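Peer 1: Just dropping this structure here.
Derivation of every value follows stated rules applied to the coordinates shown; laboratory data play no part. Note: ideal-geometry Cβ built from the backbone for every residue, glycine included; neighbour counts use all protein chains shown.
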Ligand SMILES: OC[C@H]1O[C@H](O[C@H]2[C@H](O)[C@@H](O)[C@@H](O)O[C@@H]2CO)[C@H](O)[C@@H](O)[C@@H]1O
């Protein structure tokens, strides 16, 4: 269902899609091939749904963490840049988009969260998370608040969760151990507990989302926010005097943001793979192309060495890199999606007070560790249990799996049932 002789590109709504459309226009000027840039909601969830049916965009942009899951599902074409091209990008950015020994996307830019602060409200930003409650008390007395950031996406809370020892999957000898998840260890609980105490003491609101935090910062209502390089354009036009700096420490340890490499993958079902490669290699990944996108919404530290060098003196980028150095480049393994879903629920339920930190993180740990078992059984049920009421009841039971033994016990009932 994907049309031949044109390029449809999907990119997130917080990125420079207008600048990306300018690169599309230069492609059109040169080749007469139409480039259409779209920014659908929930695109990282929408892509695997549509592309599995052989549909969707020719090119998809997202951070590299989602791509191993897409590759594993056979949704992506292997990309074929020659050595001369590969040498133009930082080698570690290629590593981020390598899956089972194959390159599965073009790396574009390195993104890390930083602390963004209003220099007029707060000339010297706090070095520690611990000093933020006292600062908020002081600012509330002037009708302001200390900190607002998106509490609906776990990406923004992760740096604090990881600071004292939270981790996604343990890295042991070149590989991530999908059995060893670190979302309910003592460090993770300490970080989430700190965040939930900020909410309990009314230094933040559980309902704060991206739009609310951005508006409050850009209007001068809050002294600090946590956000990525894409956010800087809007702060520029707002005429807040702002700085970008290292995230605060927690229990004397740096905050450790998960670092994303914005990446562009080619849909396995695209009839336009050679056009996609030509657009990405010869138009986007050039000084000219990245500058167009960057001018729209900043990219971060770009993967293309020549242009990265030109931008690096910007202290906002220097702070991005300092934060990236303290954090870790995300895994790209297929288990990342369930990890993020699990942590999103934990943070939302703990912050709303619907669950305690300990209960919220224990459930997230289980969901992340058992996600493979649960997917296997849901697939098995769908293929082998024709009675819909029986199937729904099995699906309910899958939701209750805590571990490998639970998985085996339920699999036995599903096999027994299908063979009746
Ligand atoms: O919140 C979980 C979410 O985090 C990351 O998504 C980031 C993305 O990397 C950034 O480019 C920017 O758009 O903000 C997003 C957070 O809202 C992961 O890349 C993503 O897979 C994960 O679901």
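Peer 1: Condition check: within 24 Å of residue 65 (Cβ to Cβ), more than 16 Å from the ligand (Cβ to nearest atom), in contact with a strand residue (DSSP E or B) (Cβ under 8 Å, 6 or more places away or on another chain) and touching a residue at least 60 places away in the same chain (Cβ under 8 Å). Does residue 284 satisfy that? Walk me through it before giving the result.
Peer 2: Details: within 24 Å of residue 65 (Cβ to Cβ): yes; more than 16 Å from the ligand (Cβ to nearest atom): yes; in contact with a strand residue (DSSP E or B) (Cβ under 8 Å, 6 or more places away or on another chain): yes; touching a residue at least 60 places away in the same chain (Cβ under 8 Å): yes.
Answer is yes for this residue.
Peer 1: Being more than 21 Å from residue 38 (Cβ to Cβ), touching a residue at least 12 places away in the same chain (Cβ under 8 Å) and assigned to a helix (DSSP H, G or I) is the filter here, so list the residues in the range 70-84 that pass it.
Peer 2: Of everything in the range 70-84, those that are more than 21 Å from residue 38 (Cβ to Cβ), touching a residue at least 12 places away in the same chain (Cβ under 8 Å) and assigned to a helix (DSSP H, G or I) turn out to be 71, 72.
Peer 1: Then there's this: Hey, residue 394 hits all of (1) farther than 16 Å from residue 181 by Cα; (2) touching a residue at least 24 places away in the same chain (Cβ under 8 Å); (3) buried (at least 18 other Cβ atoms within 10 Å of the Cβ) but one; which does it fall short on?
Peer 2: It fails just one condition, (2).
Peer 1: Same structure again: Might you let me know whether the range 350-363 holds any residue that is more than 16 Å from the ligand (Cβ to nearest atom), within 22 Å of the chain's Cα centre (by Cα), surrounded by 18 or more Cβ atoms within 10 Å (Cβ to Cβ) and more than 25 Å from residue 253 (Cβ to Cβ)?
Peer 2: Within the range 350-363 (the criterion being more than 16 Å from the ligand (Cβ to nearest atom), within 22 Å of the chain's Cα centre (by Cα), surrounded by 18 or more Cβ atoms within 10 Å (Cβ to Cβ) and more than 25 Å from residue 253 (Cβ to Cβ)), the answer is yes, since at least one residue qualifies.
Peer 1: Considering only residues that are assigned to a loop (DSSP other than H, G, I, E, B) and crowded, with 18+ Cβ neighbours inside 10 Å, which ones fall in the range 235-255?
Peer 2: 240, 247, 248, 254, 255
Peer 1: Looking at (1) more than 18 Å from residue 293 (Cβ to Cβ); (2) surrounded by fewer than 19 Cβ atoms within 10 Å (Cβ to Cβ), find the lone condition where residue 51 falls short.
Peer 2: (2)
Peer 1: Restricting attention to the range 178-196, and to residues there that are over 20 Å from the mean Cα position of the chain (by Cα) and free of Cβ contacts under 8 Å to residues at least 60 places away in the same chain, which single residue is surrounded by the most Cβ atoms within 10 Å (Cβ to Cβ)?
Peer 2: 187
Peer 1: Quick check: anything in the range 245-255 within 16 Å of the ligand (Cβ to nearest atom), touching a residue at least 24 places away in the same chain (Cβ under 8 Å) and farther than 18 Å from residue 103 by Cβ?
Peer 2: So far as the range 245-255 goes, yes, one or more of its residues are within 16 Å of the ligand (Cβ to nearest atom), touching a residue at least 24 places away in the same chain (Cβ under 8 Å) and farther than 18 Å from residue 103 by Cβ.
Peer 1: Sticking with this one: Would you mention how many residues in the range 256-281 are in a loop (DSSP other than H, G, I, E, B) and away from the ligand (no atom under 15 Å from the Cβ)?
Peer 2: Of all residues in the range 256-281, those in a loop (DSSP other than H, G, I, E, B) come to 256-257, 268-272.
Checking which are away from the ligand (no atom under 15 Å from the Cβ) leaves us with 268-272.
The total comes to 5.
Peer 1: Of all the residues that make up the range 55-65, how many are assigned to a strand (DSSP E or B) and within 11 Å of the ligand (Cβ to nearest atom)? Steps first, please.
Peer 2: Initial filter on the range 55-65 (assigned to a strand (DSSP E or B)): 59-63.
Right, trim to within 11 Å of the ligand (Cβ to nearest atom) and you get 61-63.
So the answer is 3.
Peer 1: Of all residues in the range 325-348, count the ones that are within 16 Å of the ligand (Cβ to nearest atom), more than 25 Å from residue 101 (Cβ to Cβ) and part of a helix (DSSP H, G or I).
Peer 2: Number of matching residues: 8.
Peer 1: Restricting attention to the range 369-387, report how many residues are in a helix (DSSP H, G or I) and surrounded by 19 or more Cβ atoms within 10 Å (Cβ to Cβ).
Peer 2: Counting residues in the range 369-387 that are in a helix (DSSP H, G or I) and surrounded by 19 or more Cβ atoms within 10 Å (Cβ to Cβ) gives 6.
Peer 1: Restricting attention to the range 93-115, and to residues there that are outside any strand (DSSP E or B) and more than 18 Å from the chain's Cα centre (by Cα), which single residue is farthest from the ligand (Cβ to nearest atom)?
Peer 2: Looking at residues that are outside any strand (DSSP E or B) and more than 18 Å from the chain's Cα centre (by Cα), I get 101.
Peer 1: Follow-up. I'd like the residue in the range 289-320 that is part of a helix (DSSP H, G or I) and without any contact (Cβ under 8 Å) to a residue 12 or more places away in the chain and, out of all such residues, is surrounded by the fewest Cβ atoms within 10 Å (Cβ to Cβ).
Peer 2: Taking the candidates together, the pick is 309.
Peer 1: Restricting to the range 202-228, and then to whatever is under 21 Å from residue 298 (Cα atoms), in contact with a helix residue (DSSP H, G or I) (Cβ under 6 Å, 6 or more places away or on another chain) and touching a residue at least 24 places away in the same chain (Cβ under 8 Å), can you tell me which residue is nearest to the ligand (Cβ to nearest atom)?
Peer 2: For the range 202-228, the residue satisfying everything is 226.
Peer 1: Does the range 1-54 hold any residues that are assigned to a loop (DSSP other than H, G, I, E, B) and more than 16 Å from the ligand (Cβ to nearest atom), and which are they?
Peer 2: Listed by number, the residues that qualify are 1, 2, 3, 4, 5, 6, 32, 33, 34, 53, 54.
Peer 1: Something else about it: Find the residue count for the range 207-234, including only residues that are part of a loop (DSSP other than H, G, I, E, B) and closer than 24 Å to residue 141 by Cβ. Steps first, please.
Peer 2: Our first condition is that a residue be part of a loop (DSSP other than H, G, I, E, B); within the range 207-234, this holds for 207-209, 219-221, 228.
From what is left, the residues that are closer than 24 Å to residue 141 by Cβ are 207-208, 219-221.
Qualifying residue count for the region: 5.
Peer 1: In the range 124-180, which residue that is within 16 Å of the ligand (Cβ to nearest atom) and in a loop (DSSP other than H, G, I, E, B) is farthest from residue 213 (Cα to Cα)?
Peer 2: Step one: of the range 124-180, the residues within 16 Å of the ligand (Cβ to nearest atom) are 148-162, 166-169, 176.
Still in the list and also in a loop (DSSP other than H, G, I, E, B): 148-153, 157, 166.
Numbers: 148: 5, 149: 5, 150: 6, 151: 9, 152: 11, 153: 12, 157: 13, 166: 25 Å.
Applying the filter and picking the extreme gives 166.
Peer 1: Is it true that some residue in the range 66-73 is more than 15 Å from the ligand (Cβ to nearest atom), within 19 Å of residue 111 (Cβ to Cβ) and in contact with a helix residue (DSSP H, G or I) (Cβ under 9 Å, 6 or more places away or on another chain)?
Peer 2: No; the residues of the range 66-73 include none that is more than 15 Å from the ligand (Cβ to nearest atom), within 19 Å of residue 111 (Cβ to Cβ) and in contact with a helix residue (DSSP H, G or I) (Cβ under 9 Å, 6 or more places away or on another chain).
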